[PDB]
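Here's a solo chain for you in structure tokens, the form deposited in one PDB entry.
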């Protein structure tokens, strides 16, 4: 049976758990900004043909697919992550399009997965774009039965776009979401200047942009975040003071801070009132509706200073909150604390690689296709001999051999001739082959241009980024006040 040491058991077994949580559960890769469960869900939606045009699919079956295929964990770990990706108060750029009940800011969960359906969002397709053009490196899944991607092409800078929170072992992460327009502009600036300072980059990227909007007090917390990877940022709700009639006033809250549960936050304010720990509040009403949007109302007692009641609610409730920036991501499969430029750098590099690989892959396929078309041309030009040769032959092997000797055709070219359908012999068809060959030759030339010059490839990256910004970039939601 044999023995085992306890100090050695603790170190080995603990180091296995830790690295695993670090590199394969809790932290996002710098390139696509995804944790494993996220990457697998989106890839799963991709391998099931769950694109925006297609109909919704039961969440039960999505999760079940991702579970048995790529993600050998409990199902609620999958489903809940997929539900996060589907909420517009969670994701600055939602990655899942859900149908049914998928929760609210009041912290009410989503219905169980048998009550819901899902599919990709249109912005998600950008994460998956060109995944099938040898752009990223695939690997074997757990049961060695499937293949799954190591990273997505991620045609937009998704780590900063949606941000990350994740508790590892020995470290955690916290990256706030950003405005996609400002983020891409940043990349475009960096692309035409490898030596840009954070100070300059900040002229594109003003700072976080939360889905739940609200205010951020001061640019100083943001600057410390962007230069070092760590800094505290001050999130304040959007509240105003207005009259309610009879010379009395109320506070009206319309945007609450990020990741703050609305329900809980209101119950806190209520507590401070029973406990008599704040003065001047007569009523607390949640008037939020699907048509009004968020609206918490706090009725102030007559001849109490509302502005003073407000500044105390900031100090005393989650009406004002901190976002503790701690930008840790996987960089070359290792956790690194990165600053803004480091993040943007690892991303643009990725795009160059993705686009280079795609252009390379396209060239292999065009060059391979042109080769067949040359053989088909030859065959159609010498068709009567071609046919004779085949009928004369007793086997493929023999027919292959003759065709290759008579016309000097490659093995692949001959194979393509034998596979040809009779209908390709009509007069119209021959001319089509000519066109396709001509178009291909143009294409091959364009592709060689891109690979020949690093500058041209990079401009193409710039141009494809500029299209995403034009199609998907939106206005900043969160106001940054000084």
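In this text, rigid core is short for the largest set of C-alphas that superpose within 1.5 Å between two forms. Positions refer to the first chain, counted from 1.
Here the subject shifts to the form deposited in another entry, a form of this protein not shown in this document.
Superposing the two forms on their core leaves just one of 368, 143, 195, 243 with a Cα displacement of at least 2 Å between the shown form and the other one, namely 243. After superposing the rigid core, the C-alpha of residue 302 moves by less than 2 Å between the shown form and the other one. Taking 2 Å as the criterion, residue 390 counts as shifted between the shown form and the other one: its C-alpha moves by at least this amount when the rigid core is aligned. After superposition on the rigid core, the Cα atom of residue 380 is displaced by 2 Å or more between the shown form and the other one.
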